[PDB]
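Okay, structure first, notes after.
Neighbour counts run over all protein chains shown; Cβ positions are idealised from the backbone, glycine included. Every number here is computed from the coordinates shown, using simple stated rules; none is lab data.
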Amino acid sequence: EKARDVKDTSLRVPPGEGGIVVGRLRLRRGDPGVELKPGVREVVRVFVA
Amino acid sequence: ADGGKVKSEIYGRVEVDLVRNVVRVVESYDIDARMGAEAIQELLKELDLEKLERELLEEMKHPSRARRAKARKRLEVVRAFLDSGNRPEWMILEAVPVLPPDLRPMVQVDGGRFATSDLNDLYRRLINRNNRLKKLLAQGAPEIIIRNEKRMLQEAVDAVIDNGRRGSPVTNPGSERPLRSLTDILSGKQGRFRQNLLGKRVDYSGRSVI
Amino acid sequence: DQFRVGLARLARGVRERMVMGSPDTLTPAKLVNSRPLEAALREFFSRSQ
Amino acid sequence: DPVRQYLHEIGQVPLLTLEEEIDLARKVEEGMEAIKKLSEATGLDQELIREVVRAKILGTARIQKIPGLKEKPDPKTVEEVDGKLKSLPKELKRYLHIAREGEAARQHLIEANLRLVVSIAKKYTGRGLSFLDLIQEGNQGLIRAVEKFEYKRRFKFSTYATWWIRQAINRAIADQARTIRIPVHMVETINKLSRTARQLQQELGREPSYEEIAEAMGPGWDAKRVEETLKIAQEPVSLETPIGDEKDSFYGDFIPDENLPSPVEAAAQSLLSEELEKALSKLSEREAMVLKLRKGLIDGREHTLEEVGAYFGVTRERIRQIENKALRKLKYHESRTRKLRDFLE
Amino acid sequence: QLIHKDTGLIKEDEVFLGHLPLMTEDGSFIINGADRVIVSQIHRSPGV
Amino acid sequence: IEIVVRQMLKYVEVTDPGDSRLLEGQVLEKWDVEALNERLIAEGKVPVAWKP
Amino acid sequence: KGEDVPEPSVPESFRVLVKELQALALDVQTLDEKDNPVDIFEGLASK
Amino acid sequence: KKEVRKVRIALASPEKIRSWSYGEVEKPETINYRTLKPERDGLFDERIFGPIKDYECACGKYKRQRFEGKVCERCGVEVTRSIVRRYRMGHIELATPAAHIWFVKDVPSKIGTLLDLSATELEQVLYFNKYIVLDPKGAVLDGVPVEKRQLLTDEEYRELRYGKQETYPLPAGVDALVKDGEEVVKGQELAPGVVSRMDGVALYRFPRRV
DNA sequence: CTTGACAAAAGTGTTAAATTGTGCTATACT
DNA sequence: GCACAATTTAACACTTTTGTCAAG
Ligand SMILES: [Zn+2]
């Protein structure tokens, strides 16, 4: 198996917390009307009902 | 001077004069009054616990209850240093023990921002002064600057020990949060004794409503 | 209260700029400041009990 | 209290009249030239005789017994010089006392203008050096201004001194300050950037943007460079910062440990190190060895084909094929037993 | 307005201060994008 | 409660150390000085007086 | 694997406690059954 | 490998602490602002406390347990487990000896009871304020000879080692009715408005005419 | 298991670019 | 705040080792 430079950094919902998804709000920096912390490309925000 | 002719008949500091062609002597006694931890170290290093023992013994049998009491409460500590077999001069430290890195961690968290213990900054702001001083004691600087610079050493060192037992505790600039020193970790409710020894979080456990 | 006590910290940042530089050419546009006030309010609206 | 202390100790000495000042610099430089004339006599170094003067002035054996565990031998390289310069005619002798008093006056000068230095460092608070600590680093910047001064220039020592006070102070704040270490130019360049930020935020009234702030900075500056150095700007975070609305909580304990193996990880690496052993047993004797010689399972170090071939006596070509058939031979047993099909992350 | 003490020259020139959070309809501000509230305080009144 | 009280009185103040190496007013435990005097009586030396 | 749990040794909070005391110029020595030196840090701080 | 039934506690001495330390932390720096590696002498420096990574020297020439404990000839780091950084301490060599605030400000104050001083006086003494006598060398203060353990101040100290001197102000244009280097008496006039307060040798200071 | 032929990878040496460490200026100002 | 020596780094020309292929 090829050892890829990149590894999985993903975000999996914690235990006991489960449901559906009623929201998608992703704000990447350099976008209009959004200022992001220095050293941060983008940020993703999901809602769970 | 004068190849064995004029000779001062009194103690004192001698003063050379190129203009008035005179060796004038100013009345004074060469005394060693040294002020500081160095002097205290001298005394403590010259002390005879044995002498003071056999002396305080005779001192304690004095009829007056007061003197007898102070003599007791003195020979107490003396005897401690006797039976223990420890020298009091060690109480004046020349080499400050530095605590290991993982004991005073500095590590980055999510987002990238860093973090560090207060004892790090303490152990740093110490070396700064103890260094500048070492440069001054070399390059020939006036006693005022030395006595003051050396003062901030005795206080900084103590700040890394018990911070707050003297004056307003040193805090990171801009914040009122006192720096935690060596003694700050031990004593106290949440200290390394009560929270990390006589009780601790465990493995294989959990909880819920009843 | 926090606005005024925070504004006095600006008043001092005023009295240190005028007393030096070029006392002839000056405008409050160079004599005022944001942070002594801005941070003063931002502090209250968060950390206070 | 050390604070009032220093102030009162410097308040124990008068300053200087213009006369006293000019005279100070005069005698000081007369001593500094006196030593220079002594170097041409007994044939010694410029600084040798110089320091040895302090060895009889600045104190007794206390000056050479603690400049560190090593500075320069006191009874050897000095005492011989304290007597080597001792036998000289009346012509050369005076130039010694001029060195003692000349170098002496220096101290007077420093002590005098000390009431200046302290009042200088006074407007620099906030650097992260509380007064005395800040003032001290400035006092040494007086010692530089002194020995390099020139009375001949008919300039009040104040002007020359002040600049060397600000130099030293601005040097310490870039060499200490923040918990982490920051090379000097970069520390300054930060200050330059913030200096611009608070400026055009003042003119335009609204805070700038990473692009325009860099625009007003100069050539080569872009929207990224400013944010780039801005990341490095911010310092660490106190691990003692209380989290939550309580008084019993900290920020330190909220940090895990990755620098140490977890029990599940020890058991994991154990299962791999075991299952691989038994899975190794099912191979040809030569290839079973050669296999763990190419993966560094033996001495921990990896052995190239050139070494393996020299180990058995074959070529670097044979070993190569040996590995090919090896791994692929365990392939068959693994595609079955499925014991090691795991550990795939 | 910045005015000279001697020159008698007047210089006004409006400037900027900062950003002051505004209260919503319900009565709770928004700090750092979070909905917070300012609870009332109580202490003895000034005087003799 | 009794246990606690017992721990409350378990220290005595020395009066006339006697032939012991103790000192006047050198406060120590109960059992300690007890065993001290115990041996001292056997060694022929004079015991130590004390106040609970 | 089923074997009964071994016998633990250093709580490790205590080791840190001891080193923290060492930073105070406090010599903390562990003994055994007869007034004898016991190394609680295996080959670590020995120098 | 041996039972642990007893735990002692003593006073560490400087020469002992020197034995503890694996190095003297010189540079009061944490880490590089870029490489995030411990600074050359930094308080986290691997070269003394230990490797940040298991069985790897800094430069990375010895990367495996094959070489264990062997000190690197390039970086200078001992190849071993990265856990050693929790138990390997440092030390800082002080130019001027200092005391431990514990014994100083402690309720009975050990160093205070030994030396037979008071917490109030030993306070200024150790903190570089008032001098303390050591071997008076036949000295005297206000008629009563000073002895060891006594506490002096700046004035009296210099007054006994540098002698006593009295400055007299002269308003411009006025002259001294006394010759330079001539012996004056208390109460005697040196100028029309200048009155000598001590017997001794007066001296001109910055003459305005010749 | 074995040669010879090769390209990719890992060395080894000298440079151009950059990054960092330093001394310093002069109306006066204590 | 700046001219600049000091030292580090990325830059790159190029040599040698090491994985590798078609054929014995
Ligand atoms: Zn190495």
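Of all residues in the stretch B:165-190, those being within 18 Å of G:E20 (Cβ to Cβ), more than 17 Å from the chain's Cα centre (by Cα) and part of a loop (DSSP other than H, G, I, E, B) number 6. When H:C59 is tested against (1) within 36 Å of the chain's Cα centre (by Cα); (2) within 16 Å of DNA strand J (Cβ to nearest atom), just one condition goes unmet, and that condition is (1). Residues of the stretch B:195-202 include none that is crowded, with 16+ Cβ neighbours inside 10 Å and outside any loop (DSSP other than H, G, I, E, B). Under the condition of being part of a helix (DSSP H, G or I) and buried (at least 19 other Cβ atoms within 10 Å of the Cβ), the residues counted in the stretch D:202-219 number 3. Where helices (runs of 4 or more DSSP H) fall entirely within the stretch D:38-131, those with at least 2 residues that are crowded, with 20+ Cβ neighbours inside 10 Å and within 29 Å of the chain's Cα centre (by Cα) are at D:90-120.
Across the stretch D:117-164, the qualifying residues are those that are more than 14 Å from DNA strand J (Cβ to nearest atom) and of a type in the set (F, W, Y), and the one among them that is farthest from the other protein chains (Cβ to nearest Cβ) is D:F155.
When you check B:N120 against the structure, is it touching a residue at least 24 places away in the same chain (Cβ under 8 Å), assigned to a helix (DSSP H, G or I) and among the polar types (S, T, N, Q), yes or no? When the stated conditions are applied, B:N120 does not pass them. From the list D:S130, D:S119, which one is out of contact with any helix residue (DSSP H, G or I) (no Cβ under 9 Å at 6 or more places or on another chain) and over 22 Å from B:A138 (Cβ atoms)? None of the other options fit; the residue is D:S119.
Looking only at residues of the stretch H:66-82 that are within 10 Å of another protein chain (Cβ to nearest Cβ) and surrounded by 15 or more Cβ atoms within 10 Å (Cβ to Cβ), we find that the one that is farthest from G:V18 (Cα to Cα) is H:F67. Inspect all residues belonging to the stretch B:23-46 and state whether any of them is in a loop (DSSP other than H, G, I, E, B) and surrounded by fewer than 12 Cβ atoms within 10 Å (Cβ to Cβ). Within the stretch B:23-46 (the criterion being in a loop (DSSP other than H, G, I, E, B) and surrounded by fewer than 12 Cβ atoms within 10 Å (Cβ to Cβ)), the answer is no, since none of the residues qualifies.
May I ask you to list the residues in the stretch H:77-90 that are in contact (Cβ under 8 Å) with a residue 60 or more places away in the chain and touching a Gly at 6+ places or on another chain (Cβ under 8 Å)? Correct list: H:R88, H:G90. When we screen D:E137, D:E150 for residues that are of a type outside the set (V, I, T) and either within 21 Å of D:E20 (Cα to Cα) or within 7 Å of DNA strand I (Cβ to nearest atom) (or both), the only hit is D:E150.
Is there a residue being in contact with a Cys (Cβ under 8 Å, 6 or more places away or on another chain), more than 29 Å from D:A174 (Cα to Cα) and away from DNA strand I (no atom under 16 Å from the Cβ) anywhere in the stretch H:78-101? There is at least one residue in the stretch H:78-101 that is in contact with a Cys (Cβ under 8 Å, 6 or more places away or on another chain), more than 29 Å from D:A174 (Cα to Cα) and away from DNA strand I (no atom under 16 Å from the Cβ). Among the residues of the stretch C:20-27, none qualifies, meaning not one is surrounded by 11 or more Cβ atoms within 10 Å (Cβ to Cβ) and of a type in the set (D, E). Scanning the stretch D:183-236 for residues that are more than 24 Å from A:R41 (Cα to Cα), polar (S, T, N, Q) and within 12 Å of another protein chain (Cβ to nearest Cβ) yields D:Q199, D:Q201, D:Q202.
Checking each residue in the stretch B:47-75 for being surrounded by fewer than 17 Cβ atoms within 10 Å (Cβ to Cβ) and at the interface with chain H (Cβ under 8 Å from one of its Cβ atoms) picks out only B:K73. Scanning the stretch D:138-180 for residues that are surrounded by fewer than 16 Cβ atoms within 10 Å (Cβ to Cβ), part of a helix (DSSP H, G or I) and acidic (D, E) yields a single hit, D:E147. Checking every residue in the stretch F:18-29 against the condition of being over 22 Å from B:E53 (Cβ atoms) and in contact with a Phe, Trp or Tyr (Cβ under 9 Å, 6 or more places away or on another chain) gives at least one match. Here B:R54 does not fit the description of being out of contact with any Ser or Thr (no Cβ under 8 Å at 6 or more places or on another chain) and touching a residue at least 12 places away in the same chain (Cβ under 8 Å). When H:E46 is tested against (1) touching a residue at least 24 places away in the same chain (Cβ under 8 Å); (2) crowded, with 17+ Cβ neighbours inside 10 Å; (3) more than 12 Å from chain B (Cβ to nearest Cβ), only condition (3) is not met.
Evaluated against (1) surrounded by 13 or more Cβ atoms within 10 Å (Cβ to Cβ); (2) without any contact (Cβ under 8 Å) to a residue 40 or more places away in the chain; (3) more than 14 Å from chain B (Cβ to nearest Cβ), F:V12 falls short on exactly one condition, (2). Just one residue in the set A:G23, A:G18, A:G33 is within 29 Å of D:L344 (Cα to Cα) and away from every other protein chain (no Cβ under 11 Å); that residue is A:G18. In the list D:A34, D:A25, which residue meets the criterion of being within 14 Å of chain B (Cβ to nearest Cβ) and assigned to a helix (DSSP H, G or I)? Testing whether each residue is within 14 Å of chain B (Cβ to nearest Cβ) and assigned to a helix (DSSP H, G or I) leaves just D:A34.
Considering only residues that are more than 13 Å from B:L57 (Cβ to Cβ) and in a loop (DSSP other than H, G, I, E, B), which ones fall in the stretch F:15-32? Matches in the stretch F:15-32: F:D16, F:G18, F:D19, F:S20, F:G25, F:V27. Among the residues of the stretch B:79-100, is any basic (K, R) and in a helix (DSSP H, G or I)? Yes, there is a match, as at least one residue in the stretch B:79-100 is basic (K, R) and in a helix (DSSP H, G or I). Just one residue in the set B:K45, B:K70 is charged (D, E, K, R) and more than 25 Å from G:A25 (Cβ to Cβ); that residue is B:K70. Among the residues of the stretch H:57-76, those identified as more than 6 Å from the ligand (Cβ to nearest atom) and either in contact (Cβ under 8 Å) with a residue 40 or more places away in the chain or not polar (S, T, N, Q) (or both) are H:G60, H:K63, H:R64, H:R66, H:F67, H:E68, H:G69, H:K70, H:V71, H:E73, H:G76. Screening B:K5 with (1) at the interface with another protein chain (Cβ under 9 Å from one of its Cβ atoms); (2) in a loop (DSSP other than H, G, I, E, B); (3) of a type outside the set (A, V, I, L, M) gives one miss only, at (1). Do the conditions hold for G:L17, that is, is it hydrophobic (A, V, I, L, M, F, W, C) and more than 10 Å from chain H (Cβ to nearest Cβ)? In short, yes. For the stretch D:290-306, name all the residues that are within 15 Å of DNA strand I (Cβ to nearest atom), crowded, with 18+ Cβ neighbours inside 10 Å and more than 13 Å from chain H (Cβ to nearest Cβ). Listed by number, the residues that qualify are D:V290, D:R294, D:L305.
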